[PDB]
């Protein structure tokens, strides 16, 4: 028989399997982009809907 | 003898600086006549032609 989910019944349980990152995930460099705004404002095609 | 190239250029002595024209680069070029608007600072130059 398959194990009853712990939240399904009213007993407390103090040994449980927590998933974890192996190390801090904010450690890396932040993303950065190269925005390059349009050559001529009058030439911009805002149409097409 | 020894002339390397002979070109037919617009005449500087007639199309003088008094008329605004600058023939030094092989084309006429007048400064603030038909300037484009809405563009980056170096982008006026072709209109000078």
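Chains as they are written, first to last, in PDB author numbering: chain C, 1285 to 1333; chain B, 199 to 247.
Built from N, CA and C at the ideal position, the CB exists for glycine as well.
Taking the alpha-carbon of residue i as reference, which of the options has the nearest alpha-carbon?
i                      : options                : result
residue 147 of chain B : B:235, B:243 and B:218 : With chain B covering 199 to 247 only, the question about residue 147 of chain B has no answer from this structure.
residue 230 of chain B : B:244, B:221 and B:223 : B:244
Since I believe residue j is in contact with residue i (beta carbons under 8 angstroms), could you give me their beta-carbon distance rounded to a whole number of angstroms?
i                       : j                       : result
residue 226 of chain B  : residue 213 of chain B  : 7 angstroms
residue 1290 of chain C : residue 1297 of chain C : 5 angstroms
residue 1323 of chain C : residue 237 of chain B  : 7 angstroms
message: For the region 1314-1325 of chain C, list every residue whose C-beta sits within 8 angstroms of some C-beta in chain B, in sequence order.
response: Within the region 1314-1325 of chain C, the residues whose Cβ lies closer than 8 angstroms to some Cβ of chain B are 1323, 1324 and 1325, listed in chain order.
message: Short of 9 angstroms Cβ to Cβ, which residues in the region 218-242 of chain B face chain C?
response: Correct list: 234, 235, 236, 237, 238 and 241.
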